[PDB]
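Visitor: experimental structure and its sequence below.
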Amino acid sequence: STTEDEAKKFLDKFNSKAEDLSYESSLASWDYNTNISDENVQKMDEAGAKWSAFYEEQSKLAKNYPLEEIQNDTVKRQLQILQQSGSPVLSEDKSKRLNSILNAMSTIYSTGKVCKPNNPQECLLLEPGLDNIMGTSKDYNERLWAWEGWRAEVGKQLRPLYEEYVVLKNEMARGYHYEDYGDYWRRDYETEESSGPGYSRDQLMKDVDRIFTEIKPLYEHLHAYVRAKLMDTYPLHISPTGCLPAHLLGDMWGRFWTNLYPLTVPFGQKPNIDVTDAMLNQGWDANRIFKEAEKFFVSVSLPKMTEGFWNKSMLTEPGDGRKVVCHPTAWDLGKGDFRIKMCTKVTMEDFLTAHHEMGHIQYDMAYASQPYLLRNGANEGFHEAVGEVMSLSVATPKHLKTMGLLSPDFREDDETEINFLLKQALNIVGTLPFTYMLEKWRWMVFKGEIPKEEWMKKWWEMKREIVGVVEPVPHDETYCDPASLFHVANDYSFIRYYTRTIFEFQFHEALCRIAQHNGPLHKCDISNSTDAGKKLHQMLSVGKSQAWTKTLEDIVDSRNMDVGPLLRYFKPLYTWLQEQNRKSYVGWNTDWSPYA
Ligand SMILES: *[C@@H]1O[C@H](CO)[C@@H](O[C@@H]2O[C@H](CO)[C@@H](O)[C@H](O)[C@H]2NC(C)=O)[C@H](O)[C@H]1NC(C)=O
Ligand SMILES: *[C@@H]1O[C@H](CO)[C@@H](O)[C@H](O)[C@H]1NC(C)=O
Ligand SMILES: *[C@@H]1O[C@H](CO)[C@@H](O)[C@H](O)[C@H]1NC(C)=O
Ligand SMILES: *[C@@H]1O[C@H](CO)[C@@H](O)[C@H](O)[C@H]1NC(C)=O
Ligand SMILES: [Zn+2]
């Protein structure tokens, strides 16, 4: 017979085995995460080792299958995603060296701490001490000391480890017939199967550069406004026409500017919308929050939650008989099992995180009939986008008013609108240049255009160009500041947090185009709409069987990355910032430095 039927039978056998194998592995990981002990860790390790061995064996048996002679799309994409394991391309010495380097970097990041001067015993860890310090303290010297200590503790020790890591990664990428590790990361967006506009790994960088250049005006206005607002609390630490200090962005690295909201609030006289008070007054619990989320989701013609999700997930902290580290995760155990692990409290942030997790669960249930290799999003930016569009549609005051959470006598004037827009921009807009510059620096380091003896010499250059922030103290070639982030020194991609921002606002407005919404975009509501829900479900059910460009154009009528919806959403805040910056300089000076 032909190779097509042989590959089909091989994939059928592989799926029939991997279903049960991944089911057992997911059960083990869930028993570990929900019951921390010493034997559960061993069981999870055995399950993971078995799953990895099976995956490697299937990759070896699939490598001998030619993709050129095969004409079908599903089997071709399945063999393509199966052949990309990563581990079995090198010898044992380099593999063990890379594994030891990864484990050492993870241990250094987990046990990293900063010791205050003149106190060798009072050393504070990163979480939750350093995070709280960088997010709540409004002092210059304290934040500067914390940043310098974290840098000198993490990068100074991870520099040679990161050097060997990037060397081994580039060598493995060259072994996998790839250009560099940046190519191995960008291979996720490459869909060489659509007849016509086929997306390539080189077009992704160009599209990201174009969308960054298009965001540049709004981000520059926002940065100028934040600088003008922070100039009141920092009279001699921030120049009006220069860059901003890196240790004053709300956290240790500057990924989110939300912590700067009390200092950059447009109108401090009006309080923000708070729901936890009405929830505590009306006697709300986790079950009520989840039932309200299920009702909101089924009002958009989406399926409801199954009884297994209700009697198997961990919606509340059990306590008194177990110890767990609970972070919001929408887990898919396979075979039609979907659970949510989260210690949801009676608040508003947890109220939105519940809707986020329910959207993630709905997205996972959308492709429940797709093959195991296609039981995921088309790219790494659709999951979080689908999770965030629901939170955007829920956080509107209309949903809180017509459902019994906010008083009907709440006047919605432009002050609260500007406040909400600025609060959203401090979290969504302030991360795009940071993510872009981090991914570009990592790609250029993988490609070899930045020699080691100049790595940092470039890291602080783009910081002044792309983001517009200047370092507080000069760093020589012994620091490895970029590795101070969790996602950087963990073999984790970072562009997934960028494209989602484009993929989120594109979807929302699109739904608002079907629900016949009129007026501003920040007052949209997808609830009580069957037409938009049908298109949403049809877009979510495709999973990974089709190219991401086709899935995008089947939802927003555009087969390319477009940041237009983001500008249309932030147009009110854009005009407000343009009117406010009439007495301030827009832009930053690349040559200015705080230490002169
Ligand atoms: C979706 O529509 C339904 C019905 O049109 C809304 O439900 C009503 O809420 C009012 C009070 O605001 C009650 O008096 C009605 O009895 C409710 N009807 C039903 C059938 O329950 C619902 O609030 C709408 N949802 C949103 C988010 O606007
Ligand atoms: C959790 O683990 C402990 C010991 O590891 C065991 O005694 C207990 O029954 C487990 N709980 C559940 C719900 O399985
Ligand atoms: C590809 O295979 C799937 C199932 O393996 C089948 O449903 C589909 O029709 C095939 N496509 C073509 C073009 O043969
Ligand atoms: C949920 O599962 C438990 C067993 O863990 C069972 O005792 C209980 O009856 C179940 N509840 C429902 C509503 O099925
Ligand atoms: Zn999520």
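Guide: Looks like it arrived, so ask away. Numbers count the residues shown, from 1 in each chain. Ligands and ions are numbered 1, 2, ... in the order given.
Visitor: quick one: residue 418 from ligand 1, how far?
Guide: 24 Å (C-beta to the nearest ligand atom, to the nearest Å). Quick note: C-beta positions are derived from backbone N, CA and C, even for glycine.
Visitor: likewise residue 426?
Guide: With C-beta to the nearest ligand atom as the criterion, residue 426 and ligand 1 are 27 Å apart.
Visitor: following the helix or strand encompassing that residue, which helix or strand comes up?
Guide: Here residue 426 sits within helix 414-428, counting by DSSP states H and E. Next in sequence after helix 414-428, counting helices and strands by DSSP H and E, comes helix 432-447.
Visitor: mind saving the C-alpha coords of that following helix as PDB?
Guide: Taking C-alpha atoms only, helix 432-447 is exported to PDB below (Å, rounded to 0.1, in the frame of the first residue of the first chain):
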ATOM      1  CA  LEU A 432       3.600  45.200  24.400                       C
ATOM      2  CA  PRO A 433       6.900  47.100  23.900                       C
ATOM      3  CA  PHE A 434       8.500  45.100  26.700                       C
ATOM      4  CA  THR A 435       7.500  41.800  25.200                       C
ATOM      5  CA  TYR A 436       8.500  42.900  21.700                       C
ATOM      6  CA  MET A 437      12.000  44.100  22.800                       C
ATOM      7  CA  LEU A 438      12.500  40.900  24.900                       C
ATOM      8  CA  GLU A 439      11.600  38.600  22.100                       C
ATOM      9  CA  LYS A 440      13.600  40.600  19.600                       C
ATOM     10  CA  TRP A 441      16.700  40.600  21.800                       C
ATOM     11  CA  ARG A 442      16.300  36.800  22.300                       C
ATOM     12  CA  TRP A 443      15.900  36.200  18.600                       C
ATOM     13  CA  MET A 444      19.000  38.400  17.800                       C
ATOM     14  CA  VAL A 445      21.000  36.500  20.500                       C
ATOM     15  CA  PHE A 446      20.000  33.200  19.000                       C
ATOM     16  CA  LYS A 447      20.900  34.400  15.500                       C
END
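Visitor: how far is the lengthiest helix in the chain from where the chain is centred?
Guide: Across the chain, the longest stretch assigned as helix under DSSP state H is helix 140-175. Between the centre of helix 140-175 and the centre of its chain there are 21 Å (C-alpha atoms, centre = their mean, to the nearest Å).
Visitor: for that helix, packing partners?
Guide: helix 92-110, strand 113-115, helix 131-136, helix 181-186, helix 432-447 (3 or more C-beta pairs under 8 Å, 6 or more residues apart in numbering; DSSP states H and E).
Visitor: right, and the ones you listed - which one's nearest ligand 3?
Guide: helix 181-186 (26.9 Å; C-beta to the nearest ligand atom).
Visitor: buried set for the following helix or strand past the closest one?
Guide: As assigned by DSSP H and E, the chain's next helix or strand after helix 181-186 is helix 201-230. Of all the residues in helix 201-230, those buried under the rule 16 or more other C-beta atoms under 10 Å are 201, 203-205, 207-208, 211-212, 215, 218-230.
Visitor: in stretch 342-359, what counts as buried?
Guide: For stretch 342-359, using 16+ other C-beta under 10 Å, the buried residues are 342-348, 350-359.
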